[PDB]
Structure formats: C-alpha cells, structure tokens
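1. Sequence, then structure. It's an experimental one.
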Amino acid sequence: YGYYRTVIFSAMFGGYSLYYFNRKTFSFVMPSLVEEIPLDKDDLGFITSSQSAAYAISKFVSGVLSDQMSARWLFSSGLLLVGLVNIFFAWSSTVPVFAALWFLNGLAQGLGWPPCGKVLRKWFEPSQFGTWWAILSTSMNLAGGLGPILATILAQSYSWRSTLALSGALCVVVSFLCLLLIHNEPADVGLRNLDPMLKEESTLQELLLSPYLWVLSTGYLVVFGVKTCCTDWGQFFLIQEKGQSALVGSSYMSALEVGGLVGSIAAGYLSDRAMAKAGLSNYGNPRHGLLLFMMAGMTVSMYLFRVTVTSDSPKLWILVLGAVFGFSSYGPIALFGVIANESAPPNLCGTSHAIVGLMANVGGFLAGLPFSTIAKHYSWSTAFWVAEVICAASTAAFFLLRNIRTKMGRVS
Ligand SMILES: O=C(/C=C/c1ccc(O)c(O)c1)O[C@@H]1C[C@](O)(C(=O)O)C[C@@H](O)[C@H]1O
C-alpha cells in the first residue's frame with residue numbers, strides 16, 4: 001500500500017514541474033531570442049497572450065468533462081504534446097508561426113491539471129487533501145527558479161534553439177515514464193479502495209448572485225495579473241532602462257520564485273493558527289486580516305523597485321526586493337484557494353473553483369498584449385506605473401468589503 005502512494009505522488013510532483021518549466025521556457029530564453037531575431041515589444045506580447053487564451057478555454061472545458069476521463073492516459077498525453085511543440089518552436093523562425101505553436105502548447109497544458117486532483121482524492125483521505133495540494137503546488141516554484149539561471153549560463157556557447165530543444169526530448173521521455181508509473185485507482189493494483197465519505201442544496205443560478213464570489217474572484221485576477229507582469233517583463237525593465245546586464249536580470253527572476261516558496265508554505269501555516277483563536281461565522285472570514293497584510297506588502301515592494309533601483313544600486317538590493325515581492329505575491333494565491341472551498345456551498349463545491357479559475361487566466365491575458373502595448377507607446381516605466389496603481393486600488397476596495405457576507409448561496 002504505502003509503496004504505491006510514494007511512487008505516485010513523487011511521479012505527479014515530477015510531471016507538474018516539467019509542464020510548468022515548459023510553459024515558461026519562452027520567458028526564460030527571451031532576451032537571447034530578441035537579439036538573434038529582432039522583434040518589437042508588441043510582437044512579444046502577442047505570443048505570450050496566445051498561450052493564456054488557450055489555457056483558459058482548455059482548463060474550463062476540461063474540468064467539466066473530466067469525470068469521463070482516465071488520469072494515467074491524460075497526464076501522459078498532455079506532456080508529449082507540450083514537448084513536441086517545444087522542439088518545433090526552436091526550428092521555426094517567424095512570428096506568425098511562433099504564435100500558433102504557442103496556442104497549441106496552451107491547450108495541451110490544459111489537459112494536465114484535472115487529472116492531478118482526481119488521483120489526490122482517490123489515494124489520500126479527504127482530510128489530508130489540503131496539505132498534499134500545497135506540497136504539489138511547490139513544484140512550480142522549484143522549476144521556475146532553476147530555469148532562468150540555467151539559461152543565462154547555458155547560453156554561453158549554445159544557441160537558444162538548442163537550449164529549448166532538449167526541453168522537448170526530456171518531456172517525451174518523462175511522459176513515457178509517467179505513463180508507466182501513475183495508477184488511476186487503488187483497486188487496479190489489488191488494494192481496496194478508500195472508504196466513501198442534503199441540507200439546502202443551492203441551485204446554480206443562486207450561486208452567481210452571491211456578492212462575495214465576485215470580490216473573491218476579481219481580487220484574484222488583480223493579484224495573478226500583477227504576478228505575471230513581473231514574471232515576464234521584469235527582466236527587460238532592468239536590462240533596457242536600469243542599465244543592468246542580462247545575468248543580473250535573470251538573477252532577479254530566480255529570487256522572485258524563491259520568495260514564493262517560503263510564502264506559500266508560511267501562508268498555510270499562519271492562516272489556521274489565527275483561525276483557531278477566533279473561530280468561523282457567517283459574516284466575515286478570519287483569514288482576511290492575514291490577506292490584507294500580504295497584499296499591502298506587494299504594492300509597497302513594487303514602488304521601491306521602480307524608483308530606488310538604478311545603475312548605481314548594488315546587486316543585493318535588487319534581489320531583496322524580488323524576494324520580498326515573491327513572498328507577498330504567492331501568499332494570497334494559496335489563501336484564495338482555501339477561502340473558496342469553505343465559502344462554497346457543499347453541493348456546488350467543484351463548480352465554485354472552476355469559476356474562479358476562469359477569471360484567473362483573464363488576468364494573465366491582460367499581462368500580455370494589452371500591457372506590452374502601453375509599454376511600447378511611452379516606456380516600460382509608464383506601463384509598470386499603471387500596474388502599481390491598479391494593485392493599490394484593489395487593496396483599498398477589498399479592505400472596505402472585509403465585513404460583507406461570505407457564505408455563498410441563500411442563507412436563512
Ligand atoms: O481547488 C482549489 C483548492 C482546493 C482546496 C484547498 C484547501 C482545502 O483544505 C481543500 O479541502 C481544498 O483551488 C483551486 C486551485 C487552482 O485550480 C490551481 O491553482 O490549480 C486555481 C483555482 O481554481 C483554485 O480555486
């Protein structure tokens with residue numbers, strides 16, 4: 001029994017990191033690409049947005065029909081397609097072609113997320129799902145940190161083409177391995193399935209009218225959209241306007257991801273500690289106080305980065321701002337998942353998470369072409385100023401709505 005749970009969870013952890021590294025490989029190798037194939041700021045945006053659009057369509061549709069699909073096949077198939085797209089991209093040299101391959105990568109990526117959830121419920125008792133989900137989430141943060149550094153070093157003699165085209169062969173091999181290892185159900189290998197686990201079931205039309213659902217959703221679009229702006233365009237702001245080199249720009253990229261690793265873990269640990277001292281009720285959520293502090297740090301940290309950082313600034317001051325931003329950015333994302341689960345009606349628990357995910361990727365879309373267009377017209381600094389203002393305004397609005405009703409659905 002135990003031997004099987006370790007092999008599976010490790011395997012899913014391994015697979016998830018590779019989907020992500022491959023989703024972002026484009027951002028990792030962007031400075032080099034621009035130098036070899038010269039491109040305008042706007043062109044870069046179109047390629048980034050195209051992936052975000054596909055992912056959103058795929059992730060919403062997939063979840064709805066996932067109850068009809070097998071996890072072992074779905075995870076493996078998705079990985080193979082992502083890998084093949086990466087190989088082709090390196091060979092290709094023109095922008096219209098690059099964008100279409102990126103859309104295809106986005107759609108394949110969608111296939112991966114629903115299976116992970118199904119195995120987790122099936123092999124682990126419902127009580128522990130929360131802990132496992134968070135450990136699994138850390139896979140992304142590890143991959144994201146390792147990659148930028150690897151690129152700024154591997155590009156010493158190798159081409160951008162050959163450093164993206166191994167991230168395809170490795171994907172194919174690991175897809176085969178994960179097809180071999182993952183098992184859909186405990187009954188498949190001979191072990192007994194886990195023991196299976198009618199009070200005012202709200203109708204779907206009553207869910208969409210809940211005031212707290214939108215405050216929790218639009219508050220997730222702003223945080224996620226801002227995190228994508230600094231993840232993709234933060235490197236060119238230092239390279240072009242701040243007079244920094246490419247190595248320093250990629251060093252800031254890794255320190256951003258490392259900060260979130262200690263941020264997601266601390267957010268879960270700190271949240272329930274405060275929850276046990278007050279308790280839960282219909283009006284308000286005790287984790288609001290912790291969420292406001294993390295959001296406050298995010299807007300303050302970005303303000304110092306735009307103004308204080310310059311060519312004279314030492315390397316240490318650049319990294320510390322990135323690390324603090326990573327802690328303050330990834331922290332709300334972990335809390336938003338927990339808050340949605342408890343507030344959601346028991347009968348519509350699954351649909352509530354899907355709705356939040358839909359508006360999640362819309363924020364990523366706005367961080368692509370619309371953000372790049374503002375930067376090209378005036379400057380990179382002008383575009384980042386707009387992102388700072390939007391984040392600050394959201395915190396004040398969410399502050400005033402801290403005492404609204406949270407339990408979605410008709411409450412007697
Ligand atoms: O599904 C969940 C969270 C469940 C959860 C948490 C704590 C628990 O204790 C628990 O029992 C259950 O969150 C969703 C995760 C999301 O799909 C992702 O990042 O991949 C984005 C968005 O869709 C979120 O809503």
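-> Perfect, I can see it now. Numbering: from 1, shown residues only.
2. In space, what's closest to residue 187 - neighbours in sequence excluded?
-> residue 193 (4.9 Å; Cβ to Cβ, 6 or more residues apart in numbering). Where you see a C-beta, it was placed from the backbone N, CA and C, and this is true even at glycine.
3. would you say the one you found is within a helix?
-> No: residue state for residue 193 (DSSP: H, G, I helix; E, B strand; the rest coil) corresponds to coil; a helix is not indicated.
4. Tell me how many other residues crowd it.
-> 11 (other Cβ atoms under 10 Å).
5. where's the closest residue to the ligand within the stretch 151-300 of the chain, which helix or strand?
-> The stretch 151-300 of the chain approaches the ligand most closely through residue 220 (8.0 Å), counting by Cβ to the nearest ligand atom. Element membership for residue 220 (DSSP states H and E) is helix 211-232.
6. For residue 341, which residues are in contact?
-> 349, 352-353 (Cβ atoms under 8 Å, 6 or more residues apart in numbering).
7. one step back: just checking, what packs against the helix holding residue 220?
-> helix 2-36, helix 246-278, helix 288-307, helix 315-343, helix 349-366, helix 380-400 (3 or more Cβ pairs under 8 Å, 6 or more residues apart in numbering; DSSP states H and E).
8. Mind doing that once more with 7 Å?
-> Secondary-structure packing of helix 211-232 (3 or more Cβ pairs under 7 Å, 6 or more residues apart in numbering; DSSP states H and E): helix 315-343, helix 349-366, helix 380-400.
9. That helix vs helix 2-36, what angle?
-> 60 degrees (axes from the mean of the first three to the mean of the last three Cα atoms, to 10 degrees).
10. which residues are contacting the following helix or strand past helix 211-232?
-> Scanning forward in sequence from helix 211-232 by DSSP H and E, the next helix or strand is helix 234-236. Helix 234-236 has contacts (Cβ atoms under 7 Å, 6 or more residues apart in numbering) with 31, 249-250, 252-253, 380.
11. quick one: which of these has the most company?
-> Counting by other Cβ under 10 Å, top hit in the contacts of helix 234-236: residue 253 with 26 neighbours.
12. where's the nearest residue to the residue of the stretch 151-300 of the chain closest to the ligand once chain neighbours are set aside relative to the ligand, distance?
-> Leaving out its chain neighbours, the residue that sits closest to residue 220 by Cβ to Cβ, 6+ apart is residue 336, at 5.2 Å. In this view, residue 336 and the ligand are 7 Å apart by Cβ to the nearest ligand atom, to the nearest Å.
13. residue contacts, residue 251?
-> With the criterion set at Cβ under 7 Å, 6+ apart, residue 251 makes contact with residue 319.
14. ok, now how distant is it from residue 153?
-> 11 Å (Cβ to Cβ, to the nearest Å).
15. Please apply the same query to residue 222.
-> 35 Å.
16. out of these two, which sits in the busier spot?
-> residue 222 (22 against 12).
17. phi, psi of residue 405?
-> phi -70, psi 140 (degrees, to the nearest 10).
18. got it, and residue 313?
-> Torsion angles, degrees, to the nearest 10, at residue 313: phi -70, psi 140.
19. and it, how far is that from residue 21?
-> In this view, residue 313 and residue 21 are 30 Å apart by Cβ to Cβ.
20. So which of these two has more stuff around it?
-> residue 21 (23 against 15).
21. In this structure the more buried one contacts residue 145, no?
-> No: counting by Cβ atoms under 7 Å, residue 21 does not reach residue 145; the two are 10.3 Å apart.
22. How far off centre is the helix holding residue 220?
-> Helix 211-232 sits 11 Å away from the centroid of its parent chain (Cα atoms, centre = their mean, to the nearest Å).
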